[PDB]
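Protein chains in written order, with the deposited numbering: chain E, 319 to 474; chain D, 319 to 475; chain A, 384 to 510; chain G, 1 to 44, 77 to 90, 209 to 272. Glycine included, every Cβ here is placed at the ideal spot set by N, Cα and C. These notes are about the structure you will find just below.
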Amino acid sequence: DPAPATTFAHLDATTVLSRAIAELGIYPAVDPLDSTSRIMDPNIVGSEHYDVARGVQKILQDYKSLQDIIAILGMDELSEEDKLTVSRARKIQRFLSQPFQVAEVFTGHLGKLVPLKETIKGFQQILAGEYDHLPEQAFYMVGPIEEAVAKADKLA
Amino acid sequence: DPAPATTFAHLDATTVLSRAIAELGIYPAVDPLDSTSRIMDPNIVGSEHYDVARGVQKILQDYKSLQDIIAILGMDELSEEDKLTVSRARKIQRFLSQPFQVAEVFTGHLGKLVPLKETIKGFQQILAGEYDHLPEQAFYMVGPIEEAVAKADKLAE
Amino acid sequence: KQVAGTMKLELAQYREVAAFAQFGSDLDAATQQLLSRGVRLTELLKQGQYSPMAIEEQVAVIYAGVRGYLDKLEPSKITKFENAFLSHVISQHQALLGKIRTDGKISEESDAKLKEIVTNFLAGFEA
Amino acid sequence: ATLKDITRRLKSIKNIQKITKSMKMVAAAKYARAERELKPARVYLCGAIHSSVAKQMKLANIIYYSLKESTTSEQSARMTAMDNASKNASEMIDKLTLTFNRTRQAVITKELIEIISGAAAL
Ligand SMILES: CC[C@H]1O[C@]2(C)[C@H](OC(C)=O)[C@@]1(C)O[C@@H](/C=C/C=C/C=C/c1oc(=O)cc(OC)c1C)[C@@H]2O
Numbered sequence: 319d320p321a322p323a324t325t326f327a328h329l330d331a332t333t334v335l336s337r338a339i340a341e342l343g344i345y346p347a348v349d350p351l352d353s354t355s356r357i358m359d360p361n362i363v364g365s366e367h368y369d370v371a372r373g374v375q376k377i378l379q380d381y382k383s384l385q386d387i388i389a390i391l392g393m394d395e396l397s398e399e400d401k402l403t404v405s406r407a408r409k410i411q412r413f414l415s416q417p418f419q420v421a422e423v424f425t426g427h428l429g430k431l432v433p434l435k436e437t438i439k440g441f442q443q444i445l446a447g448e449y450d451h452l453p454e455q456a457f458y459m460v461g462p463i464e465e466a467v468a469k470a471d472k473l474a
Numbered sequence: 319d320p321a322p323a324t325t326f327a328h329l330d331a332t333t334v335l336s337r338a339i340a341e342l343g344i345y346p347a348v349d350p351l352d353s354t355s356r357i358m359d360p361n362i363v364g365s366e367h368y369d370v371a372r373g374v375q376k377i378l379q380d381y382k383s384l385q386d387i388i389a390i391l392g393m394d395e396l397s398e399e400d401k402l403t404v405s406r407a408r409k410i411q412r413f414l415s416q417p418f419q420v421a422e423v424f425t426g427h428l429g430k431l432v433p434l435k436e437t438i439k440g441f442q443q444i445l446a447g448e449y450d451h452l453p454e455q456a457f458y459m460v461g462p463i464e465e466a467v468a469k470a471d472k473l474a475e
Numbered sequence: 384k385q386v387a388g389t390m391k392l393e394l395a396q397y398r399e400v401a402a403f404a405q406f407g408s409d410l411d412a413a414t415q416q417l418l419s420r421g422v423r424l425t426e427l428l429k430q431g432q433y434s435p436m437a438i439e440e441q442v443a444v445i446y447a448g449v450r451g452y453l454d455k456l457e458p459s460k461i462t463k464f465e466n467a468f469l470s471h472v473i474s475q476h477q478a479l480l481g482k483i484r485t486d487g488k489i490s491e492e493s494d495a496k497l498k499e500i501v502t503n504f505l506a507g508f509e510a
Numbered sequence: 001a002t003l004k005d006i007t008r009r010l011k012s013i014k015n016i017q018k019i020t021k022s023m024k025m026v027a028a029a030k031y032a033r034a035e036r037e038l039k040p041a042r043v044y077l078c079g080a081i082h083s084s085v086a087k088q089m090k209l210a211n212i213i214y215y216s217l218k219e220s221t222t223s224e225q226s227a228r229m230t231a232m233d234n235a236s237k238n239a240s241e242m243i244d245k246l247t248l249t250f251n252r253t254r255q256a257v258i259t260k261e262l263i264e265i266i267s268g269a270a271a272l
C-alpha cells in the first residue's frame, strides 16, 4: 500500500512484537526471525557479531523444522545431532528473553541491561556448546550468561 | 451499490434474488441466506415455523461452506455425518424451487401454490431424514412435498 | 475473569483446529479433545434476544462447560441444558448466585456447591 | 478480477491448505506405525496407488504380506502428496493475495478519478 511502502523507504530496521511469543511467556515478545536490520552485515557489525547472529537464527530456523516432527512422530527419531540443535535452540530461545528494569515495580525480578559484548559472548557459547549440560530454566529471564550459570546452581 | 444498499433500511421484509441461483434453473431464484423478514420471530410465527426456517438455513450455510472444498479435495474424506447434509442440502435447494402460475410460458409446468403448513411440514420432513431415499431431482420444480414423492416414482423410470 | 480466561483460551485453541473437524476421519484424541471443548464452549456463547443476563448467571453457565461438565453432553442439547440449568439455579439456588455475586468470585466453597448442583442436574438430564 | 471473486478463491484455498496440511500429519502418523510393523512382516487421493496396480492389472502367508506393504506405500504416498498439495495451495494463497491487493488499490484509484473528473467539469 502506498502508505506503508513509502515508509519503508526510510526504515533501517523492524522490531516485530509477537502475541504468539508472549503467550509462551517470552518477554520482550520480539520475534527473532521476523524482526530485521539493514546493518546486519559483517561489513558493519563485524564478522564475529555477524556470524553469531547468523548462528542464532539458523539454529532457531532448524528447530522450527523439527517442531512439526516432534509433536506428530514423537521426539525420538532425533539424532545425537538433531537432539542438540533442539536443546541448544531451546536454551537459546530463552536466553533471548529478558527482565526489564521498567518492570521491577512488581515483577519481583530485577532488571538487566546486557551489554553488546556480553550479548555476543552469551549466544556465542550456547552455540559453541559450553552450557549444553546446563538446563533450560537456568536461561529464562536473566541477563549475562553468568546468571545462566548461577541460576542453575540455585536449581541444583 | 449505493442504491440497492441504501434501500434495505426502508423495508420490513426482503426477498433477495440471485443470478447464481437462477442460473441453475431454480425459480423463484430467492437467496435463502440473504432474505429476511422482520416477523421471523418465534414470538410472531411460532417456533415450529422458526425452528424449521433456521434449520433450513443452517444446512444450506453448512453446505455453502463445503461446496468450494469438496470441489477440489473431492468427497471421500467427508464424514457420513457431513455427506448427509450435502445430500439433504441439495434436496432442499430444490424443494425451494416452485413453478409459478405466471411462468408457465417459462417453465413448461403448471403453477402450484403451497399453503404455509404444507411448506413447514415438507421441509420439516426433509430435515428429518424422512426422504433420504428419494432422488434430488424428485425435489425440483414441484409444489407440495407429495409431488416430490409422486415424481420420485415417475422418475423411477 | 475466573472463567472468561480459560474459555477464551480453549476457544482460541479450537479455532486453530476447527477446520479439521468435518474431515477428522482419524484424529489423535489430543486435538480431538480440543475439537469437543470447542463446540460446547461455542454453543454456550449462543443467546436469544431481549434476555440479557446477570453476570452471576453468566459465570454459572460458563463454568459448566469450561469445567468440562457438558463435554459428554450432546452439542444438540447445550442450548436446552443451559436454559433449564439456569432456570433451576435462578429458582432454587439464589443464595449461591448471591454468593458469587457478593464474594465477587468463585469461592472454593461455592465451587463445590456448583459441582454437585451440576452433576446431579446432569444425571437428571440424561434420564 | 472482482474482489468478491478473489475473496472466494482465496477464501477456499485457505481451507484446503489447512485440510491438506492436516491430512499429511495424519499420513505421517500412520506411516510411523507402519514402518515399524513393516520391519517384522518382511521376514515372512492416495498418490499413484490405485492406478499403478490398475494399469499392471491389465497361501495367505503372502496376503498379509502384499497388505502389510501396500499400506506402508500408501500412507507414504498420501503423505508426500498432501505435502505438496498444501505446498501448492500456499503458492496460490500467496499469489491471489497479490492480485487482490493490486485490484484493491486499483479500484480505489479508479473511483477517485471518476469523482475528480466529474467535479472538475463543472
Ligand atoms: C511462534 C513461536 C516460536 O517463536 C520462538 C522464537 C520459536 O521459534 C523458533 C524459531 O525458535 C517458537 C517456536 O517458540 C517460542 C518459545 C517460547 C518459549 C517459551 C518459554 C516459556 C517458559 O519457559 C520456561 O522454561 C519456564 C517458564 O515459566 C516457569 C516459561 C513461561 C519462541 O520465542
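*Look up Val-348(E) in the DSSP assignment and give the residues it is bridged to.*
As a position in the first sequence, residue 348(E) is number 30, starting the count at 1. According to DSSP, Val-348(E) shares a beta bridge with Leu-335(E).
*Along chain A, in chain order, which residues have C-beta atoms closer than 8 Å to that of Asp-319(D)?*
Numbered from its first residue, the second sequence carries residue 319(D) at position 1. By Cβ distance, chain A contributes nothing, its closest Cβ being about 30 Å from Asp-319(D), past 8 Å.
*Would the beta-carbon of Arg-8(G) be found less than 8 Å away from any heavy atom of ligand 1?*
Numbered from its first residue, the fourth sequence carries residue 8(G) at position 8. Within the chosen limit of 8 Å, ligand 1 does not reach the beta carbon of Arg-8(G) with any heavy atom.
*Can you list the residues of chain G that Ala-402(A) reaches, using a CB-CB cut of under 7 Å?*
Walking along the third sequence from the start, residue 402(A) turns up at place 19. Chain G residues near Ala-402(A): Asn-15, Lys-18 and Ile-19.
*Who are the near neighbours of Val-370(E) in its chain, counting only those whose CB is closer than 6 Å to its CB and skipping five residues on each side?*
As a first step, residue 370(E) must be located in the first sequence, where it is residue number 52. Shown here for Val-370(E): same chain residues with a beta carbon closer than 6 Å to its own, the five before and five after excluded, namely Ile-438, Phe-441 and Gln-442 in chain order.
_Contact set between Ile-387(D) and chain G, taken where Cβ atoms lie within less than 8 Å_ = Looking up residue 387(D) in the second sequence gives position 69. Ordered by position in chain G, the residues that pass the 8 Å Cβ test against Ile-387(D) are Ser-12, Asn-15, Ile-16 and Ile-19.
*Could you work out which residue in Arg-484(A), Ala-404(A), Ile-473(A) and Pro-458(A) is closest to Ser-397(D) when comparing CA atoms only?*
The residue you call residue 397(D) lines up with position 79 of the second sequence. With respect to the C-alpha of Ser-397(D), the residue from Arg-484(A), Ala-404(A), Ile-473(A) and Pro-458(A) having the closest C-alpha is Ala-404(A).
*Who are the neighbours of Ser-22(G) on chain A, taking C-beta pairs under 7 Å?*
Walking along the fourth sequence from the start, residue 22(G) turns up at place 22. Among the residues of chain A, those whose CB is under 7 Å from the CB of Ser-22(G) are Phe-403, following chain order.
*Contact set between the stretch 256-267 of chain G and chain D, restricted to residues whose Cβ is under 7 Å from the partner*: The residues in question: there are none.
*What residues from chain D crowd round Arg-8(G), counting only those whose CB sits closer than 9 Å?*
Residue numbering aside, residue 8(G) sits at position 8 when the fourth sequence is read from its first letter. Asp-386, listed in chain order.
*Mind checking whether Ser-415(D) and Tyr-458(D) have CB atoms under 9 Å apart?*
One-based indexing of the second sequence puts residue 415(D) at position 97. One-based indexing of the second sequence puts residue 458(D) at position 140. With respect to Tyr-458(D), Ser-415(D) sits close: the two C-beta atoms are nearer than 9 Å.
*Decide if the stretch 221-241 of chain G is in contact with the stretch 16-31 of chain G; the criterion is three or more beta carbon pairs, one per stretch, under 8 Å apart.*
By the C-beta criterion, the stretch 221-241 of chain G is judged to be in contact with the stretch 16-31 of chain G, since at least 3 inter-stretch pairs fall below 8 Å.
_Determine, for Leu-378(D), whether the minimum Cβ-Cβ distance to residues of chain G falls below 9 Å._
Position 60 of the second sequence holds residue 378(D). The beta carbon of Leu-378(D) sits no closer than 9 Å to any beta carbon of chain G.
*Where DSSP assigns a beta bridge to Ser-355(E), which residues make up the other side?*
Residue mapping note: residue 355(E) aligns to position 37 of the first sequence, counting from 1. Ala-331(E), per the DSSP bridge assignment.
*Can you tell which of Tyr-214(G), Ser-226(G) and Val-43(G) has the C-alpha that lies nearest to the C-alpha of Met-25(G)?*
The count along the fourth sequence starts at 1 and reaches residue 25(G) at position 25. Selected option, being the one with the closest Cα: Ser-226(G).
_Through-space distance from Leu-434(D) to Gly-373(D), alpha-carbon basis_ = Reading the second sequence from its first residue, position 55 is the one you call residue 373(D). Reading the second sequence from its first residue, position 116 is the one you call residue 434(D). Answer to the nearest angstrom: the Cα atoms are 16 Å apart.
_Cβ-heavy atom distance, residue 301(E) to ligand 1, below 8 Å_ = Residue coverage of chain E in this structure runs from 319 to 474, which leaves residue 301(E) outside it and unanswerable.
*Roughly how many angstroms separate the alpha carbons of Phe-413(D) and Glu-422(D), rounded to a whole number?*
For the purposes of this step, residue 413(D) is taken as residue 95 along the second sequence, with counting starting at 1. For the purposes of this step, residue 422(D) is taken as residue 104 along the second sequence, with counting starting at 1. One alpha carbon belongs to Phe-413(D), the other to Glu-422(D), and they sit about 18 Å apart.
*Among residues of its own chain, excluding the 5 on either side of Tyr-397(A), which ones have a beta-carbon nearer than 8 Å to its beta-carbon?*
Taking the third sequence and counting its residues from 1, one reaches residue 397(A) at position 14. Excluding positions up to five away in sequence, the list reads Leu-417, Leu-418, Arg-420, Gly-421, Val-422, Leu-424 and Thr-425.
*Out of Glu-454(E), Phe-418(E), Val-467(E) and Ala-407(E), which has the shortest C-alpha to C-alpha gap to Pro-350(E)?*
For the purposes of this step, residue 350(E) is taken as the residue at position 32 of the first sequence. Considering only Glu-454(E), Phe-418(E), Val-467(E) and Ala-407(E), the residue with the shortest C-alpha distance to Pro-350(E) is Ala-407(E).
*Would you mind telling me which residues of chain G sit closer than 8 Å to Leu-391(D), beta carbon to beta carbon, in chain order?*
Mapped onto the second sequence, residue 391(D) falls at position 73. Residues of chain G passing the Cβ test: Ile-16, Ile-19, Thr-20 and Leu-77.
*Is the number of C-beta pairs between the stretch 496-505 of chain A and the stretch 215-231 of chain G that are closer than 8 Å three or more?*
No, they do not touch.
*Contact check, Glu-465(A) vs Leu-427(A) under 8 Å by CB: the rounded distance?*
Taking the first residue of the third sequence as 1, we reach residue 465(A) at position 82. Taking the first residue of the third sequence as 1, we reach residue 427(A) at position 44. The beta carbons of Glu-465(A) and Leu-427(A) sit about 7 Å from each other, so the pair counts as a contact at 8 Å.
*asked:* At the level of alpha carbons, what is the spacing between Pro-458(A) and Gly-268(G)?
replied: Taking the third sequence and counting its residues from 1, the one referred to as residue 458(A) is at position 75. Taking the fourth sequence and counting its residues from 1, the one referred to as residue 268(G) is at position 118. Just so you know, the alpha carbons of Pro-458(A) and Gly-268(G) end up roughly 57 Å apart.
_For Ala-468(E) and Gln-385(E), what's the separation of their Cα atoms in angstroms?_
Along the first sequence, one-based indexing puts residue 468(E) at 150. Along the first sequence, one-based indexing puts residue 385(E) at 67. If you take the alpha carbons of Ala-468(E) and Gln-385(E), they lie about 30 Å apart.
_Taking 9 Å as the threshold (beta carbon to beta carbon), is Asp-349(D) in contact with chain G?_
Numbered from its first residue, the second sequence carries residue 349(D) at position 31. Answer no: the Cβ-Cβ gap between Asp-349(D) and chain G never drops below 9 Å.
*Please decide whether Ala-29(G) counts as near chain A, where near means a Cβ-Cβ distance under 9 Å.*
As a position in the fourth sequence, residue 29(G) is number 29, starting the count at 1. Residue contact with chain A for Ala-29(G): present (Cβ-Cβ distance below 9 Å to some residue of chain A).
*Quick one: is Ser-365(D) near chain A, going by C-beta distance under 9 Å?*
By one-based count along the second sequence, residue 365(D) stands at place 47. Not an interface residue.
_Closest Cα partner of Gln-88(G) within the set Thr-247(G), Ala-80(G) and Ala-29(G)_ = Residue numbering aside, residue 88(G) sits at position 56 when the fourth sequence is read from its first letter. Selected option, being the one with the closest Cα: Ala-80(G).
*Smallest Cα separation from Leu-342(E): which of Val-460(E), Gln-411(E) and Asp-450(E)?*
The residue labelled residue 342(E) in the question sits at position 24 within the first sequence. Taking only the C-alpha atoms, the option nearest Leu-342(E) is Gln-411(E).
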